[PDB]
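**Q** First the structure, then my questions, so here it is.
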Amino acid sequence: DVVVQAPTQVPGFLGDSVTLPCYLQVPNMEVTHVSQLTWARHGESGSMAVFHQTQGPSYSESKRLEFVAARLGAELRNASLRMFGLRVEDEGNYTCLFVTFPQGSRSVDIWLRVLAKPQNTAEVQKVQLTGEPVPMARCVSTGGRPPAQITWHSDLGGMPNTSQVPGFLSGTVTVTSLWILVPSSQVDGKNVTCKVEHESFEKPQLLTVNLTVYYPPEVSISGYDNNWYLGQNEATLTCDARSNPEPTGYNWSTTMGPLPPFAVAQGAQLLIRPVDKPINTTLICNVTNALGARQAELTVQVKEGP
Ligand SMILES: *[C@@H]1O[C@H](CO[C@@H]2O[C@@H](C)[C@@H](O)[C@@H](O)[C@@H]2O)[C@@H](O[C@@H]2O[C@H](CO)[C@@H](O[C@@H]3O[C@H](CO)[C@@H](O)[C@H](O[C@H]4O[C@H](CO)[C@@H](O)[C@H](O)[C@@H]4O)[C@@H]3O)[C@H](O)[C@H]2NC(C)=O)[C@H](O)[C@H]1NC(C)=O
Ligand SMILES: *[C@@H]1O[C@H](CO[C@@H]2O[C@@H](C)[C@@H](O)[C@@H](O)[C@@H]2O)[C@@H](O[C@@H]2O[C@H](CO)[C@@H](O[C@@H]3O[C@H](CO)[C@@H](O)[C@H](O)[C@@H]3O)[C@H](O)[C@H]2NC(C)=O)[C@H](O)[C@H]1NC(C)=O
Ligand SMILES: *[C@@H]1O[C@H](CO)[C@@H](O[C@@H]2O[C@H](CO)[C@@H](O[C@@H]3O[C@H](CO)[C@@H](O)[C@H](O)[C@@H]3O)[C@H](O)[C@H]2NC(C)=O)[C@H](O)[C@H]1NC(C)=O
Ligand SMILES: *[C@@H]1O[C@H](CO)[C@@H](O[C@@H]2O[C@H](CO)[C@@H](O[C@@H]3O[C@H](CO)[C@@H](O)[C@H](O)[C@@H]3O)[C@H](O)[C@H]2NC(C)=O)[C@H](O)[C@H]1NC(C)=O
Ligand SMILES: *[C@@H]1O[C@H](CO)[C@@H](O[C@@H]2O[C@H](CO)[C@@H](O)[C@H](O)[C@H]2NC(C)=O)[C@H](O)[C@H]1NC(C)=O
Ligand SMILES: *[C@@H]1O[C@H](CO)[C@@H](O[C@@H]2O[C@H](CO)[C@@H](O)[C@H](O)[C@H]2NC(C)=O)[C@H](O)[C@H]1NC(C)=O
Ligand SMILES: *[C@@H]1O[C@H](CO)[C@@H](O)[C@H](O)[C@H]1NC(C)=O
């Protein structure tokens, strides 16, 4: 049997042109004569484009529709129809029928999904250390049709607030989602990914932001295993501090005021010389960064033992 052959859905680009494919499978066993072929919009009191074996083409508005393959004189099989300058009002279900003989007339329906491919951004909104959940990263898919779907993925999930204004071309929408979280030191420099999903992309398109949080120094001192003894070799402690932006000043002092002679400060580190006689000092690393100045404590002992 003679059967008509066409996609169930066709995208579909605003302001572009598409080809609607429509083709007649005709098992080489049996013969048929196809007289004409008619594209019609859905229930429009009649046809939108019609081609004929001998009489040729005829269009509703000639300037915007064109039969791609159908050629005069030839045996008609390929109803494929190209229409230019898609607008929103061009979306709809279109029928394509062939007028054969002696089979009759076989037709199929094509959904013409017209859509617009948005493109998208993400920035990081730099945040201070407010108590409140604030926008820390923004994502924005401008000019979507249908609107894009914006989801966030990351190791530290927050609270996404999404919204959308009409887009540029009629029928488009630009979605602006922002990723709201209660800011905190340990998220600075961490990764948050915006996923913009849309039925026009090759694949969900992934946009990734480098979070930024400014904060005062968080300070601690490493370098001490409790077994420091008299006459050991120069052991040196680091004043680890993680701040944003990077710390500007390091200052070494003791709980007693001035550093003991044996402990010579070297920038962000304290060199601990050999000791002649046992000492205690609790040490203070006062770290100044662009935002404030914090400090950390450490009691350290040197004995004889073994
Ligand atoms: C192009 O053609 C498709 C194909 O389906 C068919 O052609 C249509 C024009 C129409 O004549 C259909 O009846 C016909 O089978 C169209 O897409 C279909 O549209 C129908 C009706 O609008 C949709 O029906 C809905 O189906 C949903 C699940 O698939 C269901 O959840 C919906 O339920 C809700 O609405 C119904 C009333 O419709 C209501 O009773 C319920 O209580 C509930 O609210 C609804 O039944 C189908 O989804 C679509 N079918 C397919 C296969 O996708 C399409 O609309 C048309 N193109 C354009 C641009 O309009
Ligand atoms: C370095 O400092 C230690 C003591 O370290 C301790 O912790 C500090 C943060 C301070 O709070 C110190 O006061 C505290 O002791 C010096 O050795 C310590 O000396 C004191 C006596 O002056 C010892 O007191 C004893 O307390 C224990 C119970 O906790 C009793 O059993 C004893 O009878 C005695 O009363 C203290 O134990 C002792 N610490 C140790 C580990 O033995 C140390 O002298 C000083 N460095 C030097 C050599 O000058
Ligand atoms: C029925 O006819 C239509 C129109 O002639 C056919 O559609 C298009 O035909 C062209 C040329 O054969 C295909 O393109 C060729 O492919 C590359 C890309 O793949 C393209 O860049 C060049 O134009 C190249 O010559 C094109 O893929 C095809 N378009 C579609 C939507 O299929 C159609 O193939 C015919 N249908 C059947 C069932 O025979
Ligand atoms: C997010 O972006 C920030 C930058 O805007 C990244 O910070 C950078 O982190 C790297 C190490 O992860 C630092 O690089 C190291 O720099 C030293 C020199 O100081 C060099 O010797 C090493 O070879 C290495 O390159 C880099 O300094 C730092 N950038 C700045 C401007 O301070 C951060 O890593 C990113 N985080 C994520 C999760 O993507
Ligand atoms: C998502 O965020 C928007 C924008 O910040 C919120 O819209 C606010 O809604 C509150 C409560 O209804 C109003 O008092 C404000 O005036 C709105 N702010 C702005 C800037 O328009 C909205 O509350 C959030 N939506 C959801 C579902 O959580
Ligand atoms: C954080 O995100 C950055 C991008 O901002 C990721 O960097 C990409 O890393 C891969 C290899 O892992 C490279 O192939 C790409 O070229 C990088 N992108 C850019 C723009 O340079 C990074 O992998 C992420 N890291 C974490 C821990 O999330
Ligand atoms: C830490 O250093 C800064 C920079 O000079 C100083 O002004 C501040 O008062 C210091 N704070 C303490 C507790 O030492």
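By convention in this document, the chains of the structure tokens carry letters A, B, ... by their order, each chain's residues are numbered from 1, and ligands are numbered from 1 in the order they are shown.
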Write out as a PDB file with N, CA, C and O atoms, in the first residue's frame each polymer residue (protein, DNA or RNA) that has an atom no more than 12 Å from ligand 1, with only C-alpha atoms and all ligand atoms counted.
**A**
ATOM      1  N   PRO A   7       7.761  13.422   9.319  1.00  0.00           N
ATOM      2  CA  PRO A   7       8.007  13.595  10.727  1.00  0.00           C
ATOM      3  C   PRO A   7       6.777  14.058  11.452  1.00  0.00           C
ATOM      4  O   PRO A   7       5.903  14.702  10.858  1.00  0.00           O
ATOM      5  N   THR A   8       6.688  13.681  12.724  1.00  0.00           N
ATOM      6  CA  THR A   8       5.540  14.019  13.554  1.00  0.00           C
ATOM      7  C   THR A   8       5.691  15.443  14.061  1.00  0.00           C
ATOM      8  O   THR A   8       4.722  16.173  14.115  1.00  0.00           O
ATOM      9  N   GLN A   9       6.936  15.872  14.287  1.00  0.00           N
ATOM     10  CA  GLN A   9       7.236  17.274  14.690  1.00  0.00           C
ATOM     11  C   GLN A   9       8.448  17.882  13.946  1.00  0.00           C
ATOM     12  O   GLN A   9       9.442  17.219  13.730  1.00  0.00           O
ATOM     13  N   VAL A  10       8.365  19.161  13.604  1.00  0.00           N
ATOM     14  CA  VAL A  10       9.488  19.866  12.936  1.00  0.00           C
ATOM     15  C   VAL A  10       9.791  21.210  13.632  1.00  0.00           C
ATOM     16  O   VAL A  10       8.899  22.029  13.819  1.00  0.00           O
ATOM     17  N   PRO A  11      11.009  21.367  14.152  1.00  0.00           N
ATOM     18  CA  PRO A  11      11.452  22.694  14.503  1.00  0.00           C
ATOM     19  C   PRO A  11      12.185  23.241  13.297  1.00  0.00           C
ATOM     20  O   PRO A  11      12.685  22.423  12.520  1.00  0.00           O
ATOM     21  N   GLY A  12      12.079  24.552  12.989  1.00  0.00           N
ATOM     22  CA  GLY A  12      11.225  25.523  13.739  1.00  0.00           C
ATOM     23  C   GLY A  12      11.890  26.771  14.319  1.00  0.00           C
ATOM     24  O   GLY A  12      11.721  27.053  15.501  1.00  0.00           O
ATOM     25  N   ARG A  41      -2.949  24.361   6.226  1.00  0.00           N
ATOM     26  CA  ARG A  41      -2.870  24.710   7.637  1.00  0.00           C
ATOM     27  C   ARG A  41      -3.990  23.952   8.302  1.00  0.00           C
ATOM     28  O   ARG A  41      -4.798  23.362   7.616  1.00  0.00           O
ATOM     29  N   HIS A  42      -4.060  23.946   9.626  1.00  0.00           N
ATOM     30  CA  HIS A  42      -5.120  23.150  10.281  1.00  0.00           C
ATOM     31  C   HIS A  42      -6.455  23.822  10.278  1.00  0.00           C
ATOM     32  O   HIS A  42      -6.682  24.792  11.022  1.00  0.00           O
ATOM     33  N   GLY A  43      -7.355  23.278   9.442  1.00  0.00           N
ATOM     34  CA  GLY A  43      -8.749  23.760   9.316  1.00  0.00           C
ATOM     35  C   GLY A  43      -8.869  25.219   8.868  1.00  0.00           C
ATOM     36  O   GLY A  43      -9.462  26.059   9.572  1.00  0.00           O
ATOM     37  N   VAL A  88       5.844  33.558  15.141  1.00  0.00           N
ATOM     38  CA  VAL A  88       5.098  32.846  16.180  1.00  0.00           C
ATOM     39  C   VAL A  88       3.772  32.334  15.649  1.00  0.00           C
ATOM     40  O   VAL A  88       3.366  31.236  15.930  1.00  0.00           O
ATOM     41  N   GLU A  89       3.106  33.150  14.869  1.00  0.00           N
ATOM     42  CA  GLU A  89       1.804  32.778  14.328  1.00  0.00           C
ATOM     43  C   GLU A  89       1.914  31.696  13.263  1.00  0.00           C
ATOM     44  O   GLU A  89       0.922  31.305  12.681  1.00  0.00           O
ATOM     45  N   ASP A  90       3.118  31.205  13.032  1.00  0.00           N
ATOM     46  CA  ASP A  90       3.336  30.147  12.025  1.00  0.00           C
ATOM     47  C   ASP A  90       3.358  28.771  12.652  1.00  0.00           C
ATOM     48  O   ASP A  90       3.428  27.753  11.955  1.00  0.00           O
ATOM     49  N   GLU A  91       3.358  28.747  13.972  1.00  0.00           N
ATOM     50  CA  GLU A  91       3.291  27.499  14.700  1.00  0.00           C
ATOM     51  C   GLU A  91       1.927  26.923  14.539  1.00  0.00           C
ATOM     52  O   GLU A  91       0.945  27.644  14.495  1.00  0.00           O
ATOM     53  N   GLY A  92       1.861  25.610  14.473  1.00  0.00           N
ATOM     54  CA  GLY A  92       0.593  24.930  14.300  1.00  0.00           C
ATOM     55  C   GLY A  92       0.724  23.574  13.667  1.00  0.00           C
ATOM     56  O   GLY A  92       1.811  23.139  13.283  1.00  0.00           O
ATOM     57  N   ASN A  93      -0.398  22.893  13.579  1.00  0.00           N
ATOM     58  CA  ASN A  93      -0.439  21.617  12.920  1.00  0.00           C
ATOM     59  C   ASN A  93      -0.784  21.780  11.465  1.00  0.00           C
ATOM     60  O   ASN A  93      -1.766  22.408  11.120  1.00  0.00           O
ATOM     61  N   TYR A  94       0.090  21.293  10.610  1.00  0.00           N
ATOM     62  CA  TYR A  94      -0.129  21.373   9.166  1.00  0.00           C
ATOM     63  C   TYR A  94      -0.381  19.983   8.571  1.00  0.00           C
ATOM     64  O   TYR A  94       0.354  19.042   8.856  1.00  0.00           O
ATOM     65  N   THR A  95      -1.402  19.858   7.725  1.00  0.00           N
ATOM     66  CA  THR A  95      -1.605  18.597   6.974  1.00  0.00           C
ATOM     67  C   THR A  95      -0.929  18.649   5.609  1.00  0.00           C
ATOM     68  O   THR A  95      -0.832  19.696   4.982  1.00  0.00           O
ATOM     69  N   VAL A 108      -0.969  13.222   6.086  1.00  0.00           N
ATOM     70  CA  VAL A 108      -0.421  13.117   7.426  1.00  0.00           C
ATOM     71  C   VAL A 108      -0.339  14.495   8.039  1.00  0.00           C
ATOM     72  O   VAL A 108      -0.379  15.497   7.324  1.00  0.00           O
ATOM     73  N   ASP A 109      -0.245  14.548   9.368  1.00  0.00           N
ATOM     74  CA  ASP A 109      -0.166  15.827  10.081  1.00  0.00           C
ATOM     75  C   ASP A 109       1.225  16.089  10.640  1.00  0.00           C
ATOM     76  O   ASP A 109       1.876  15.200  11.195  1.00  0.00           O
ATOM     77  N   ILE A 110       1.690  17.314  10.435  1.00  0.00           N
ATOM     78  CA  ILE A 110       2.989  17.749  10.942  1.00  0.00           C
ATOM     79  C   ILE A 110       2.804  18.861  11.959  1.00  0.00           C
ATOM     80  O   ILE A 110       2.196  19.886  11.668  1.00  0.00           O
ATOM     81  N   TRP A 111       3.304  18.637  13.164  1.00  0.00           N
ATOM     82  CA  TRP A 111       3.425  19.711  14.167  1.00  0.00           C
ATOM     83  C   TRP A 111       4.621  20.532  13.847  1.00  0.00           C
ATOM     84  O   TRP A 111       5.734  20.018  13.837  1.00  0.00           O
ATOM     85  N   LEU A 112       4.403  21.808  13.530  1.00  0.00           N
ATOM     86  CA  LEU A 112       5.519  22.754  13.275  1.00  0.00           C
ATOM     87  C   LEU A 112       5.829  23.543  14.523  1.00  0.00           C
ATOM     88  O   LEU A 112       5.220  24.559  14.798  1.00  0.00           O
ATOM     89  N   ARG A 113       6.757  23.033  15.298  1.00  0.00           N
ATOM     90  CA  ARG A 113       7.145  23.668  16.536  1.00  0.00           C
ATOM     91  C   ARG A 113       8.132  24.750  16.231  1.00  0.00           C
ATOM     92  O   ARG A 113       9.235  24.477  15.800  1.00  0.00           O
ATOM     93  N   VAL A 114       7.713  25.994  16.397  1.00  0.00           N
ATOM     94  CA  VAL A 114       8.623  27.121  16.204  1.00  0.00           C
ATOM     95  C   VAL A 114       9.152  27.666  17.521  1.00  0.00           C
ATOM     96  O   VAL A 114       8.401  28.017  18.441  1.00  0.00           O
ATOM     97  N   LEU A 115      10.478  27.717  17.569  1.00  0.00           N
ATOM     98  CA  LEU A 115      11.250  28.027  18.774  1.00  0.00           C
ATOM     99  C   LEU A 115      12.468  28.915  18.444  1.00  0.00           C
ATOM    100  O   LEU A 115      12.873  29.031  17.289  1.00  0.00           O
TER     101      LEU A 115
END
**Q** Give me the residues within 7 Å of residue A:194 as a ChimeraX atom specification, counting only C-alpha atoms and dropping any in the same chain fewer than 2 places off.
**A** /A:139,150-153,192,196,206-208
**Q** Name the closest residue to ligand 5 among the candidates A:96, A:134, A:300, A:263; distances are taken between atoms, counting only C-alpha atoms and all ligand atoms.
**A**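 Closest candidate: A:134.
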**Q** Within 10 Å of residue A:124, counting only C-alpha atoms, which residues qualify if same-chain residues fewer than 3 places away don't, as a VMD selection string?
**A** chain A and resid 127 135 to 139 178 to 179 192 208 to 213
**Q** Could the residues in this selection be saved with C-alpha atoms as a PDB file, in the first residue's frame?
**A**
ATOM      1  CA  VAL A 127      29.407  38.893  48.451  1.00  0.00           C
ATOM      2  CA  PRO A 135      22.422  36.272  45.512  1.00  0.00           C
ATOM      3  CA  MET A 136      25.915  34.841  45.069  1.00  0.00           C
ATOM      4  CA  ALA A 137      25.706  33.815  41.437  1.00  0.00           C
ATOM      5  CA  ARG A 138      23.446  34.853  38.556  1.00  0.00           C
ATOM      6  CA  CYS A 139      22.414  32.936  35.448  1.00  0.00           C
ATOM      7  CA  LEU A 178      19.923  33.742  40.654  1.00  0.00           C
ATOM      8  CA  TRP A 179      21.445  31.399  43.192  1.00  0.00           C
ATOM      9  CA  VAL A 192      28.642  26.495  41.276  1.00  0.00           C
ATOM     10  CA  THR A 208      30.025  27.459  35.760  1.00  0.00           C
ATOM     11  CA  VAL A 209      30.857  30.285  38.215  1.00  0.00           C
ATOM     12  CA  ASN A 210      33.745  30.779  40.600  1.00  0.00           C
ATOM     13  CA  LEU A 211      32.098  31.845  43.848  1.00  0.00           C
ATOM     14  CA  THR A 212      33.566  34.858  45.646  1.00  0.00           C
ATOM     15  CA  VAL A 213      33.241  35.770  49.310  1.00  0.00           C
TER      16      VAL A 213
END
**Q** So which residues touch stretch 248-262 of chain A within 8 Å, counting only C-alpha atoms, skipping near sequence neighbours fewer than 5 positions away, as a ChimeraX atom specification?
**A** /A:267-268,270,272-275,281-290
**Q** Neighbouring residues of ligand 5 are defined here as those with any atom at most 10 Å from a ligand atom, counting only C-alpha atoms and all ligand atoms; list them as a list in words.
**A**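 Using only C-alpha atoms and all ligand atoms, everything at most 10 Å from ligand 5 comes to residues 134, 135, 159, 160, 161, 162, 163, 177, 178 and 180 of chain A.
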**Q** To check your reading of the model: which residues sit at most 6 Å from ligand 4 when counting only C-alpha atoms and all ligand atoms? Write the answer as an NGL selection string.
**A** :A and (189-191 or 210)
**Q** Print the selection's residues with N, CA and C atoms to a file, as a PDB file, in the first residue's frame.
**A**
ATOM      1  N   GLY A 189      35.706  30.693  46.289  1.00  0.00           N
ATOM      2  CA  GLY A 189      36.552  29.929  45.317  1.00  0.00           C
ATOM      3  C   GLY A 189      35.968  28.576  44.979  1.00  0.00           C
ATOM      4  N   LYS A 190      34.819  28.258  45.568  1.00  0.00           N
ATOM      5  CA  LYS A 190      34.113  27.010  45.250  1.00  0.00           C
ATOM      6  C   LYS A 190      33.271  27.142  43.980  1.00  0.00           C
ATOM      7  N   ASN A 191      32.928  26.009  43.410  1.00  0.00           N
ATOM      8  CA  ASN A 191      32.297  25.965  42.099  1.00  0.00           C
ATOM      9  C   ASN A 191      30.790  25.780  42.158  1.00  0.00           C
ATOM     10  N   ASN A 210      32.767  30.885  39.521  1.00  0.00           N
ATOM     11  CA  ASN A 210      33.745  30.779  40.600  1.00  0.00           C
ATOM     12  C   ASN A 210      33.316  31.659  41.758  1.00  0.00           C
TER      13      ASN A 210
END
**Q** Which residues of chain A come within 9 Å of ligand 3, and what is each one's closest atom pair and distance in Å (one decimal), counting only C-alpha atoms and all ligand atoms, sorted by chain and residue number, as JSON lines?
**A**
{"residue": "A:5", "atom": "CA", "partner": "ligand 3", "partner_atom_place_in_ligand_line": "38 (C)", "distance": 7.4}
{"residue": "A:6", "atom": "CA", "partner": "ligand 3", "partner_atom_place_in_ligand_line": "38 (C)", "distance": 8.2}
{"residue": "A:18", "atom": "CA", "partner": "ligand 3", "partner_atom_place_in_ligand_line": "31 (C)", "distance": 8.6}
{"residue": "A:19", "atom": "CA", "partner": "ligand 3", "partner_atom_place_in_ligand_line": "31 (C)", "distance": 6.2}
{"residue": "A:20", "atom": "CA", "partner": "ligand 3", "partner_atom_place_in_ligand_line": "31 (C)", "distance": 7.3}
{"residue": "A:21", "atom": "CA", "partner": "ligand 3", "partner_atom_place_in_ligand_line": "31 (C)", "distance": 6.0}
{"residue": "A:22", "atom": "CA", "partner": "ligand 3", "partner_atom_place_in_ligand_line": "36 (N)", "distance": 7.1}
{"residue": "A:23", "atom": "CA", "partner": "ligand 3", "partner_atom_place_in_ligand_line": "38 (C)", "distance": 5.2}
{"residue": "A:24", "atom": "CA", "partner": "ligand 3", "partner_atom_place_in_ligand_line": "38 (C)", "distance": 7.6}
{"residue": "A:25", "atom": "CA", "partner": "ligand 3", "partner_atom_place_in_ligand_line": "38 (C)", "distance": 8.1}
{"residue": "A:67", "atom": "CA", "partner": "ligand 3", "partner_atom_place_in_ligand_line": "4 (C)", "distance": 8.5}
{"residue": "A:68", "atom": "CA", "partner": "ligand 3", "partner_atom_place_in_ligand_line": "4 (C)", "distance": 5.0}
{"residue": "A:69", "atom": "CA", "partner": "ligand 3", "partner_atom_place_in_ligand_line": "5 (O)", "distance": 4.6}
{"residue": "A:70", "atom": "CA", "partner": "ligand 3", "partner_atom_place_in_ligand_line": "2 (O)", "distance": 7.8}
{"residue": "A:77", "atom": "CA", "partner": "ligand 3", "partner_atom_place_in_ligand_line": "1 (C)", "distance": 8.0}
{"residue": "A:78", "atom": "CA", "partner": "ligand 3", "partner_atom_place_in_ligand_line": "1 (C)", "distance": 4.9}
{"residue": "A:79", "atom": "CA", "partner": "ligand 3", "partner_atom_place_in_ligand_line": "1 (C)", "distance": 7.2}
{"residue": "A:80", "atom": "CA", "partner": "ligand 3", "partner_atom_place_in_ligand_line": "3 (C)", "distance": 5.6}
{"residue": "A:81", "atom": "CA", "partner": "ligand 3", "partner_atom_place_in_ligand_line": "4 (C)", "distance": 8.2}
{"residue": "A:82", "atom": "CA", "partner": "ligand 3", "partner_atom_place_in_ligand_line": "4 (C)", "distance": 8.9}
**Q** Can you spit out the residues from that selection as a PDB file, in the first residue's frame, using N, CA, C and O atoms?
**A**
ATOM      1  N   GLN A   5       4.822   9.774   4.316  1.00  0.00           N
ATOM      2  CA  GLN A   5       6.019   9.604   5.132  1.00  0.00           C
ATOM      3  C   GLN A   5       6.509  10.960   5.599  1.00  0.00           C
ATOM      4  O   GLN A   5       7.059  11.739   4.818  1.00  0.00           O
ATOM      5  N   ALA A   6       6.270  11.271   6.856  1.00  0.00           N
ATOM      6  CA  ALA A   6       6.607  12.609   7.362  1.00  0.00           C
ATOM      7  C   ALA A   6       6.816  12.610   8.855  1.00  0.00           C
ATOM      8  O   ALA A   6       6.120  11.912   9.587  1.00  0.00           O
ATOM      9  N   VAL A  18      12.242  27.098   7.419  1.00  0.00           N
ATOM     10  CA  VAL A  18      12.338  25.645   7.623  1.00  0.00           C
ATOM     11  C   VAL A  18      11.828  24.924   6.440  1.00  0.00           C
ATOM     12  O   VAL A  18      11.124  25.493   5.608  1.00  0.00           O
ATOM     13  N   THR A  19      12.236  23.673   6.337  1.00  0.00           N
ATOM     14  CA  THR A  19      11.624  22.758   5.402  1.00  0.00           C
ATOM     15  C   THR A  19      10.821  21.722   6.136  1.00  0.00           C
ATOM     16  O   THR A  19      11.289  21.102   7.093  1.00  0.00           O
ATOM     17  N   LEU A  20       9.565  21.627   5.740  1.00  0.00           N
ATOM     18  CA  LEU A  20       8.676  20.582   6.205  1.00  0.00           C
ATOM     19  C   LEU A  20       8.796  19.385   5.252  1.00  0.00           C
ATOM     20  O   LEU A  20       8.487  19.497   4.070  1.00  0.00           O
ATOM     21  N   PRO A  21       9.320  18.265   5.735  1.00  0.00           N
ATOM     22  CA  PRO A  21       9.465  17.139   4.834  1.00  0.00           C
ATOM     23  C   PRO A  21       8.203  16.342   4.774  1.00  0.00           C
ATOM     24  O   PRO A  21       7.524  16.162   5.789  1.00  0.00           O
ATOM     25  N   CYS A  22       7.855  15.928   3.571  1.00  0.00           N
ATOM     26  CA  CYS A  22       6.674  15.104   3.341  1.00  0.00           C
ATOM     27  C   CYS A  22       6.870  14.327   2.079  1.00  0.00           C
ATOM     28  O   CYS A  22       7.040  14.903   1.021  1.00  0.00           O
ATOM     29  N   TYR A  23       6.892  13.014   2.199  1.00  0.00           N
ATOM     30  CA  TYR A  23       7.349  12.155   1.110  1.00  0.00           C
ATOM     31  C   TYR A  23       6.438  10.945   0.960  1.00  0.00           C
ATOM     32  O   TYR A  23       5.891  10.464   1.920  1.00  0.00           O
ATOM     33  N   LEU A  24       6.275  10.458  -0.252  1.00  0.00           N
ATOM     34  CA  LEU A  24       5.386   9.311  -0.472  1.00  0.00           C
ATOM     35  C   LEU A  24       6.153   7.995  -0.716  1.00  0.00           C
ATOM     36  O   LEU A  24       6.732   7.761  -1.785  1.00  0.00           O
ATOM     37  N   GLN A  25       6.122   7.132   0.288  1.00  0.00           N
ATOM     38  CA  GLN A  25       6.617   5.747   0.137  1.00  0.00           C
ATOM     39  C   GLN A  25       5.666   5.004  -0.749  1.00  0.00           C
ATOM     40  O   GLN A  25       4.461   5.050  -0.538  1.00  0.00           O
ATOM     41  N   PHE A  67       7.830  24.929  -2.781  1.00  0.00           N
ATOM     42  CA  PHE A  67       8.008  23.477  -2.860  1.00  0.00           C
ATOM     43  C   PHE A  67       9.454  23.159  -3.211  1.00  0.00           C
ATOM     44  O   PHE A  67       9.998  23.688  -4.175  1.00  0.00           O
ATOM     45  N   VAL A  68      10.095  22.347  -2.383  1.00  0.00           N
ATOM     46  CA  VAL A  68      11.547  22.150  -2.490  1.00  0.00           C
ATOM     47  C   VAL A  68      11.855  21.260  -3.661  1.00  0.00           C
ATOM     48  O   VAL A  68      12.687  21.596  -4.492  1.00  0.00           O
ATOM     49  N   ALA A  69      11.196  20.107  -3.708  1.00  0.00           N
ATOM     50  CA  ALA A  69      11.603  19.035  -4.614  1.00  0.00           C
ATOM     51  C   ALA A  69      10.634  18.875  -5.758  1.00  0.00           C
ATOM     52  O   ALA A  69      11.042  18.605  -6.882  1.00  0.00           O
ATOM     53  N   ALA A  70       9.346  19.027  -5.468  1.00  0.00           N
ATOM     54  CA  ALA A  70       8.302  18.772  -6.469  1.00  0.00           C
ATOM     55  C   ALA A  70       8.625  19.465  -7.753  1.00  0.00           C
ATOM     56  O   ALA A  70       8.812  20.665  -7.783  1.00  0.00           O
ATOM     57  N   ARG A  77       6.561  12.735  -5.752  1.00  0.00           N
ATOM     58  CA  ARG A  77       6.753  11.925  -4.554  1.00  0.00           C
ATOM     59  C   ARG A  77       7.100  12.771  -3.347  1.00  0.00           C
ATOM     60  O   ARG A  77       6.770  12.412  -2.210  1.00  0.00           O
ATOM     61  N   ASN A  78       7.792  13.878  -3.593  1.00  0.00           N
ATOM     62  CA  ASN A  78       8.423  14.655  -2.527  1.00  0.00           C
ATOM     63  C   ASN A  78       7.765  16.018  -2.312  1.00  0.00           C
ATOM     64  O   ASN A  78       8.151  17.033  -2.898  1.00  0.00           O
ATOM     65  N   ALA A  79       6.801  16.023  -1.407  1.00  0.00           N
ATOM     66  CA  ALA A  79       5.971  17.204  -1.124  1.00  0.00           C
ATOM     67  C   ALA A  79       6.713  18.239  -0.283  1.00  0.00           C
ATOM     68  O   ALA A  79       6.156  19.278   0.048  1.00  0.00           O
ATOM     69  N   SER A  80       7.969  17.937   0.062  1.00  0.00           N
ATOM     70  CA  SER A  80       8.767  18.788   0.962  1.00  0.00           C
ATOM     71  C   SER A  80       8.593  20.263   0.625  1.00  0.00           C
ATOM     72  O   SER A  80       8.707  20.682  -0.537  1.00  0.00           O
ATOM     73  N   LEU A  81       8.225  21.016   1.652  1.00  0.00           N
ATOM     74  CA  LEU A  81       7.838  22.426   1.518  1.00  0.00           C
ATOM     75  C   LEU A  81       8.627  23.292   2.463  1.00  0.00           C
ATOM     76  O   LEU A  81       8.620  23.106   3.694  1.00  0.00           O
ATOM     77  N   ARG A  82       9.262  24.278   1.876  1.00  0.00           N
ATOM     78  CA  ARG A  82      10.077  25.225   2.604  1.00  0.00           C
ATOM     79  C   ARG A  82       9.297  26.515   2.768  1.00  0.00           C
ATOM     80  O   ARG A  82       8.805  27.075   1.785  1.00  0.00           O
TER      81      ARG A  82
END
**Q** Just want the 12 Å neighbourhood of residue A:175, counted on only C-alpha atoms, with same-chain residues fewer than 4 positions away dropped. Output as a list in words.
**A** residues 118, 119, 120, 121, 122, 138, 139, 140, 141, 142, 143, 144, 145, 146, 147, 148, 149, 150, 151, 161, 162, 163, 164, 165, 166, 167, 196, 197 and 198 of chain A
**Q** Please produce a file of the residues just selected, as a short mmCIF file (atom, residue, chain, number, x, y, z; two decimals), in the first residue's frame, where the atoms kept are C-alpha atoms.
**A**
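Result went into again_19.cif, see below:
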data_model
loop_
_atom_site.label_atom_id
_atom_site.label_comp_id
_atom_site.auth_asym_id
_atom_site.auth_seq_id
_atom_site.Cartn_x
_atom_site.Cartn_y
_atom_site.Cartn_z
CA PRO A 118 18.58 31.51 23.48
CA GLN A 119 22.08 32.16 24.59
CA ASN A 120 23.17 32.61 28.16
CA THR A 121 25.43 34.09 30.82
CA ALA A 122 26.54 33.58 34.31
CA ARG A 138 23.45 34.85 38.56
CA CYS A 139 22.41 32.94 35.45
CA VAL A 140 20.53 34.36 32.49
CA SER A 141 19.20 32.77 29.32
CA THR A 142 18.22 35.64 27.06
CA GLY A 143 15.81 35.27 24.13
CA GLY A 144 14.39 31.80 24.76
CA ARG A 145 11.50 30.16 22.93
CA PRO A 146 10.11 28.33 24.65
CA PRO A 147 11.65 29.69 27.81
CA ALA A 148 14.79 27.94 28.94
CA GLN A 149 14.98 25.76 32.06
CA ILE A 150 17.66 26.87 34.50
CA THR A 151 18.80 24.55 37.21
CA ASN A 161 15.17 32.16 42.69
CA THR A 162 14.09 32.25 39.08
CA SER A 163 12.23 34.93 37.10
CA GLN A 164 11.54 35.96 33.51
CA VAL A 165 10.83 39.05 31.42
CA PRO A 166 9.55 38.98 27.86
CA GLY A 167 12.38 38.65 25.39
CA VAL A 196 20.61 25.93 30.98
CA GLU A 197 18.42 23.36 29.32
CA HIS A 198 16.56 23.96 26.10
#
